[PDB]
J.: 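Shown below is the structure under consideration.
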There are 4 protein chains.
Amino acid sequence: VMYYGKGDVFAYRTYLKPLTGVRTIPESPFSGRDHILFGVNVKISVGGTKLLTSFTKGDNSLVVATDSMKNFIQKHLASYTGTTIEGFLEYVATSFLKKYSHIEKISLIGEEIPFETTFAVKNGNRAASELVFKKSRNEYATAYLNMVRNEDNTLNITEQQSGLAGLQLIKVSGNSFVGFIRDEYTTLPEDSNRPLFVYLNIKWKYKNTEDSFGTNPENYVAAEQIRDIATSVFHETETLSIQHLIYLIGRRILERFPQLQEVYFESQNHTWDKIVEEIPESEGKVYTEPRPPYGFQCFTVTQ
Amino acid sequence: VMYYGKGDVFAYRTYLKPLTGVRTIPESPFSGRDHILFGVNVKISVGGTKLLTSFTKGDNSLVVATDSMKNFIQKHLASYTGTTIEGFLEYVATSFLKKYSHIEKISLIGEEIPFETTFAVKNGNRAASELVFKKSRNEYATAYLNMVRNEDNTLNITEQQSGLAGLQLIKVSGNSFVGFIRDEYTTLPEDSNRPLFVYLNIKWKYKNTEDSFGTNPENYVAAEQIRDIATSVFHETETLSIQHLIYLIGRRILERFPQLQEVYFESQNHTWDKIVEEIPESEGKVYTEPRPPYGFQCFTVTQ
Amino acid sequence: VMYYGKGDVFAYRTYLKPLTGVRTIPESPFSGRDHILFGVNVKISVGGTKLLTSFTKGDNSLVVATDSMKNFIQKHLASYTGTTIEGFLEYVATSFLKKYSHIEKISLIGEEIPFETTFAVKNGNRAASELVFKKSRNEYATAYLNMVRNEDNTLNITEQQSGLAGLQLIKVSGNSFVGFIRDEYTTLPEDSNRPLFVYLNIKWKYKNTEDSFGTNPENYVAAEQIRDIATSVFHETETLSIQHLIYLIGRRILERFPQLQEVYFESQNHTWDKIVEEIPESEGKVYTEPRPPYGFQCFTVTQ
Amino acid sequence: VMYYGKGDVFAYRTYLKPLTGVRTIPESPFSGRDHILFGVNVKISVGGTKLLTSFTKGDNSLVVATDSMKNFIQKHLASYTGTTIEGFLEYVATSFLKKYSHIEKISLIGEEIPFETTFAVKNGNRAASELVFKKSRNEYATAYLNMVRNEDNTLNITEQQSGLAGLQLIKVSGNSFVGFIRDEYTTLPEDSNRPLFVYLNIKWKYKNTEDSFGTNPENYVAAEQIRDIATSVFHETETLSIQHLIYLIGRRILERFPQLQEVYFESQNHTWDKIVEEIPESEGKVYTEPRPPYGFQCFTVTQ
Ligand SMILES: O=c1[nH]c(=O)c2nn[nH]c2[nH]1
Ligand SMILES: O=c1[nH]c(=O)c2nn[nH]c2[nH]1
Ligand SMILES: O=c1[nH]c(=O)c2nn[nH]c2[nH]1
Ligand SMILES: O=c1[nH]c(=O)c2nn[nH]c2[nH]1
Ligand SMILES: [Cl-]
Ligand SMILES: [Cl-]
Ligand SMILES: [Cl-]
Ligand SMILES: [Cl-]
Ligand SMILES: [K+]
Ligand SMILES: [K+]
């Protein structure tokens, strides 16, 4: 393996071209993004056989400083005329390979830095502010792109993936986990009604990578829509395990978005331990945080 | 100093009695909490002269185990018939002092563990779920209470404070910071239009401690309302510094809630560094994360 | 309350004047500090009635920018000719109040950023390197200093404290916790031999503030020596609780350092849960991490 | 993809069989591990085609509960008679596949939870304690192992790697970074003498998997030895870039351990920004923390 790059390249742009014309689905109010504030955290990795002597001999002649890669990314967010993180990564990748002929491969990760709407009152009326936003530490969109230079000097996208990360959902009832193996190592009681608490990271791939860019917005799949499908399916489903749930979320996503080829899940189980099972004259219960070990599941659904 | 206790006592309750009937204000449509899910992180500290030998002699005779304090809190969340964190702390404090005659003082901190509503579809109609919630790592309510046993065996609240922590707000324009001292130590340029990014922790005290419990909801001041005041005032104000902003937020809070005696602010400056000042054919700019040092301000406004 | 300032002011200095001429104690081999590399994280807070209009009117005329405070601290670490973080704080404080006559009070916290010795082979032998250091995320020394300008324009130190933070110590056997209250809230079993795991934060106060600066280093009390007293007393003691342990550590500190007035402890219990009590043919056991709630104790020992 | 498992399975064991009989190298005084206290954090992932219906149908018949996997790992740490984390992983893997014939693949990651020696005074002298240990949050050893069940129910190891994570080393002088590309994206000045601060994660792979287990300990490669090579080479080298440094470290590792097939580096650059370059009557300087973006390098050295 031989590559190098820059991580945690934060870049915030005001007034990016708005994303409009996105096809709505019944699960979600999402129709677009105003892009008054657009934040991204970029990681760039580059490779090429001509980088070898930078390692083996300390020769810096063909080293683009990682600091310069940071400058490259920040300047390109200023000149970017598109509407999505996916398209931004393509712009950066293409631009970087066009600039630096000795680089044969570039891999980019972009993570949205999400902001939420806030409200303000003017002359007695409360409305969404176009100026003040709330920084969210909750779920966020992601994008990944790898691009290579071929021997005939064409540039080709070899991998593209979009995602939603950091989604933490708890369903207070309507979840079971029963029927699993009971042997000498099993102490977990069967539970016909648990408050299943899952962390979800959901990633999707498009049949046609161009659809990821947002250039034809009707084919774009927004992370916000994926969020709302996940919460709707969780609500609707009498879950039988996390495994069972994520398969059903995946199926619904692929149904709603025939332009997608696959959906990949990484889930974790953070369900609370029960402390008080019955409260007089109430349906309520009390739970607390578990010990650190957490279950996880990984599964791909294909179109 | 001589006390001991338990921290990070997480307790989650389903179907707490709903908070209803809260008086609305122009800045906020908040009227109550459904309390399908109610999460709190409690810290309990206790003292009393009779604890001395637990330290000086290793005599555990009058040691309530910290593990038992944890059990005490969790059990009391199950039996609590009220509607606020403030009220819950009063219930635990009074109960604990009534139980353990050798304890002369109890301090409690409670921090809300916040959950947000999510969408689900039934019959093509998207509505808020009553089952599925999103764990939020953004702002959260807080409460503080200290209670002492007097020499005549009466129990007295000696301090009470409510709060909102973890609010992170950025206003993209309509902020300045000019006119500060310029001497041998000053390198900061004056900025007539900065994208001010502040972290806010806001705490209030009531004139009458009883109003904090929520038993008469008309007199209760909800953290959600304070949040909405802060965003509205930030939007409305051409800020001249964070100092200037927090004073104005404070004044608006005390105007809206005459039952409050004071509001206390701890703010931090996290404003991004500008990288690209002018983008062709756009109002946009590009910013990035600053170096670690952060400014802060601390200020009390009184009624 | 009314103050403002700067936090996370990191500053790294090479070749600070070494600390030597210290007075030894039986528990510790500590003999001074080389100071090839000296790192500090400083927080500065300033106050004064003349700052009021910076809040109430947005008048920045008498505002020292927090960015300028950062510059002040960093420049002063360059010119500091002493040997201790405590002395550095006094130097900054005095210098700041002298520069800014409208400031009435300054509070400083300094936290050591610790580095550890590494070894290298050269010229035929393995020896301590004078160039390569390992950054440590373990325990670190602390210092606190407040200074005021009096009505007559003279300066006084109004509080000084030194400390050790982040010490995490586990004793595998020779600890008990028995004899505590067993009532309707108790589920903790008595344990005659537990692997007590404590987090310790230890703060001390000198009778004479001058002894904290290092100017007469024989009177200085080093965090390294305090660490060594803590580990020694923990080993020596059949502990009966954390309360019992910290009292004994405090007594030892005050016996070894008669120039101290008092020592304050903040301890936390992070003792592991037992999984396997008996292992065939071995004295070993197996333990795991507990649920999040942690016990804590706060205790002052005075001469 | 289809797999599931448990993360953050902490297990602490006292009195594991000591590691001794290791083969020394010039860079390291390492001579073994006492194993009075041995801590590991294990992640387990399992897969196999027979798990499909747990996802597609909610059928838990062939599901080993992740909680059971946690129990399995903890109980196996009690019965493990070996001397290395690598050997522990092999023991767990073999045992698990033997127990659960419907599982086709198991992956394990083990991370050391490191403890450091402390000293105590007893019987007249200060000596290393056999009872009290300091938990370290610095560098730690790692191990990876994957195992498969083939058609004939035979088991094979399919991947094995050992490593050292979390090493943070700063060298105050004797580092340059000059001669890199200076173009329209470059603002980094050349630096003939910088205080290079690198984070290092180093992974190695043995020619013969058996050498990783400790069974013939003279063939074992200890993380402690690798650490000591890294510090020595960093000290010895007038570095020309991080790329240049890690190549040299890798060459030294492979020269010292001919039983290794390759060594892989992940490095990051966290070098401080300079604030004061010249101090009167001193060789010292002052530096501070940089903005968040960090350079990184990824490189494999092979025999
Ligand atoms: O949904 C679940 N899947 C699992 O594999 C599991 N194991 N324990 N609890 C569990 N819950
Ligand atoms: O709002 C601000 N207040 C301040 O005190 C300050 N100092 N630097 N920048 C600043 N901004
Ligand atoms: O040392 C201890 N002190 C305590 O107060 C306590 N409570 N539970 N366990 C405990 N251990
Ligand atoms: O050692 C370095 N390698 C790099 O690639 C680099 N880029 N900026 N600074 C750097 N330092
Ligand atoms: Cl699970
Ligand atoms: Cl500030
Ligand atoms: Cl405790
Ligand atoms: Cl770099
Ligand atoms: K000594
Ligand atoms: K040696």
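So you know, we letter chains A, B, ... as the sequences are listed, proteins then strands, and number each from 1. Hydrogens, waters and symmetry mates are skipped; everything else that's a heavy atom, side chains included, is used. Counting starts at 1 for both ligands and their atoms, following the listed order.
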J.: Is the distance from the K ion (ligand 9) to the nearest N/O/S atom of C:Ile25 under 3.4 Å?
T.: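 Yes.
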J.: Report the residues that fulfil ring-ring contact (aromatic ring centres under 6.0 Å, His included) with B:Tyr264, sequence neighbours left out, ordered by chain and then residue number.
T.: none
J.: Quiz question: by atom type and distance under 3.5 Å, do the side chains of A:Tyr12 and B:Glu289 form a donor-acceptor pair?
T.: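 Yes, a side-chain donor-acceptor pair sits under 3.5 Å.
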J.: Once rounded to 10°, what is the value of the angle centred on the K ion (ligand 9) between C:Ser28 O and D:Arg126 NH1?
T.: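 Centred on the K ion (ligand 9), the O/NH1 angle is 80° (to 10°).
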J.: Would you call the rings of C:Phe197 and C:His270 parallel, tilted or perpendicular, taking 30° and 60° as the class edges?
T.: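 Because their plane-to-plane angle is over 60°, the rings of C:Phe197 and C:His270 count as perpendicular.
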J.: Measuring centre to centre across the rings, with the benzene-like ring taken for any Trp, is B:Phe299 within less than 6.0 Å of B:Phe265?
T.: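 Ring centroids of B:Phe299 and B:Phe265 are no less than 6.0 Å from each other.
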J.: Regarding C:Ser267 and C:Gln297, do their side chains bring together a donor and an acceptor under 3.5 Å, going by distance alone?
T.: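 Distance-only check passes for C:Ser267 and C:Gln297.
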J.: Is the closest basic N to carboxylate O distance between C:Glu27 and C:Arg252 below 4.0 Å?
T.: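 Answer for the salt bridge query: yes.
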J.: Let's go through B:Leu188 and B:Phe180 carefully: what are the C-alpha distance in whole Å and the side-chain angles of both, what is the deciding distance for side-chain contact (heavy atoms from CB on, under 4.5 Å) to 0.1 Å, and is it a yes or a no?
T.: CA-CA 9 Å; B:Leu188 179 67; B:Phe180 49 92; 3.8 Å; yes
J.: Which protein residues have a heavy atom under 4.0 Å from ligand 2?
T.: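 Heavy-atom contacts below 4.0 Å: B:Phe177, B:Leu188, B:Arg194, B:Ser241, B:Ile242, B:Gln243, B:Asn269, B:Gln297, C:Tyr4, C:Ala65, C:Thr66, C:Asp67.
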